[PDB]
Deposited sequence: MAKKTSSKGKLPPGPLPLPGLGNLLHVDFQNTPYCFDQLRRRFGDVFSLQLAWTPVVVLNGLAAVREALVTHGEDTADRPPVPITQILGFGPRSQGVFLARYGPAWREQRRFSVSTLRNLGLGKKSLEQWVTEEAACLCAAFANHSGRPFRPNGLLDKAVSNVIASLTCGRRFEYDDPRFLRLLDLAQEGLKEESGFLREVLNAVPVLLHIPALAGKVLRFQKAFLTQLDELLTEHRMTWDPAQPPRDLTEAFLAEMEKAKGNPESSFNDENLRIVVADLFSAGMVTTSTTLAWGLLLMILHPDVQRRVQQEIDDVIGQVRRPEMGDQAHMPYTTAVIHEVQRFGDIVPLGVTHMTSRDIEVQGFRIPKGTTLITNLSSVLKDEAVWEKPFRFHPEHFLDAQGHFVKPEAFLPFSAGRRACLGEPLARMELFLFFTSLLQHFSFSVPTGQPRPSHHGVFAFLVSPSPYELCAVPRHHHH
């Protein structure tokens, strides 16, 4: 077949309008094919999902204790080691969610802590990012370790700080070079420099896991994902094929922790920024909150079905926010065909999710914050096919149900008790974000006055 034509997200918008939705690039040793628009993305992740659910090899993960039966979930290669952890994490989230609503309970209570932390900043401008990280991180810790940490807890702060630094290391030029040739890691001085912040994050997490293993009561049903993991580890003793082992427990937990902490928080950070840039939208949400919930009762997930406008605003925050523009890289495990063109096995796939969320042929005004993107004339919530912030296919975000819950409950609770605005005397904050593998809003302050 014909190979795709050939010559950051702004650079891909030029290449798309010069070579089409499926073009190619040659980044050093790696052959890369970029996918643009819903059609091209769907064709790879859904139609040929069986052949595009693999990850590109990351040899430097061996420093972090990555093995064949211990690859975590996020970077895990397509196969049994991934499928077992994928199916486990998805099912455990569901099981902890249903029954007694443990998920909803921990989030609701964490929201109240977030509202209280905001209240102590009242009558004074501040950056909401730090508090959002802690509140979002605690929800994860409630699912993994079955606990939360105080906002001034020393180890908690260090855990969050190391996690934020570990994200920057992922986007380092030193990475790709060492990732290409693994024998460079044999250098003792060089090996410690590669992922010093990430390995620090692991070490700090180990200390917390060890403590948790002490308090775990096997005689009772697992309170959290780690306890559920530990319970499987005992059953998998004497089985070298199982991905349930000590080396993988610290990696899977680190995956779930890091993933749903920098994403959900950044989204909420975008959310509050769009609420002070567009106060009219904020008022309509707060009005719908009063008409459906009130101003004293805590928001519930059962309220979402009766709050179409708020649902549209949150969805539009994700769409406009566009926090993961280029998604997470895939890799072809076979030879496939995308939009007529041929894609060789082992080709690194890039899913330009930004081109889907900002598709001008789909959305009425893609480059604007327009809540009506998810509303019809009547006021009903509609969700277009092109809403893919969690990507699609087998590798689609397993944290989406939790994210949906965290976003609705945190966003509604904050607007229920606070009115957000720009601090007078300060410039109107740009709605353009600082580009990375994860797009955060441009640094801003806000005033949160109670109601």
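Sequence ranges 1 to 8, 16 to 31, 476 to 479 have no coordinates in this entry (deposited sequence, numbered from 1, C-alpha basis).
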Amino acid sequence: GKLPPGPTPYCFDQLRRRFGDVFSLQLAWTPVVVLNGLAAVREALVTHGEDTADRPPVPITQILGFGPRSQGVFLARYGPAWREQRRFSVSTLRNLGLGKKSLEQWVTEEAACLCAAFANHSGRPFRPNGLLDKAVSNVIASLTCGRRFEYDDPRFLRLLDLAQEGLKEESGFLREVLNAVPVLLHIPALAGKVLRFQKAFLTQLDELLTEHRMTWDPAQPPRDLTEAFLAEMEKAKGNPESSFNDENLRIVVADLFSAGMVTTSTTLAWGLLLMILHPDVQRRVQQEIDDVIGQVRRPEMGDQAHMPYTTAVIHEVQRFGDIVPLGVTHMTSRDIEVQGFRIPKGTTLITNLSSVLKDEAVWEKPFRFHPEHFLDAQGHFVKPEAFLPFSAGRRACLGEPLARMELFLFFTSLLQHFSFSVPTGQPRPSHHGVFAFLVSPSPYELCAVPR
From here on, numbers count along this sequence of modelled residues.
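For the two forms, the rigid core is made up of the largest set of C-alpha atoms that agree within 1.5 Å on superposition.
Per-stretch RMS Cα distance to the displayed form in 6 other deposited structures of this protein, following rigid core alignment, is highest for 173 to 181 when 173 to 181 and 298 to 306 are compared. Greater average departure of CA atoms from the shown form, over structures and residues in 6 other deposited structures of this protein after a core fit, characterises 90 to 98 among 218 to 226 and 90 to 98. Once the C-alpha B-factors are averaged per stretch, 273 to 281 and 121 to 129 rank with 121 to 129 first. Just going by the entry, 251 to 259 versus 197 to 205 on mean CA temperature factor gives the higher value to 197 to 205.
The maximum CA B-factor among the listed residues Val90, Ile336, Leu268, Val324, taken from the PDB record, is found at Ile336. Going by the entry's values, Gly340 shows the largest Cα B-factor out of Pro371, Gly340, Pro366, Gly79. When the CA B factors of the chain's modelled residues are split into thirds, the value for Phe420 lands in the middle one. Among all modelled residues in its chain, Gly393 ranks in the lowest third by Cα B-factor.
When the CA B factors of the chain's modelled residues are split into thirds, the value for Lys134 lands in the lowest one.
Among all modelled residues in its chain, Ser171 ranks in the highest third by Cα B-factor. Looking at the C-alpha B-factors along this chain, the one for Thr215 belongs to the middle third.
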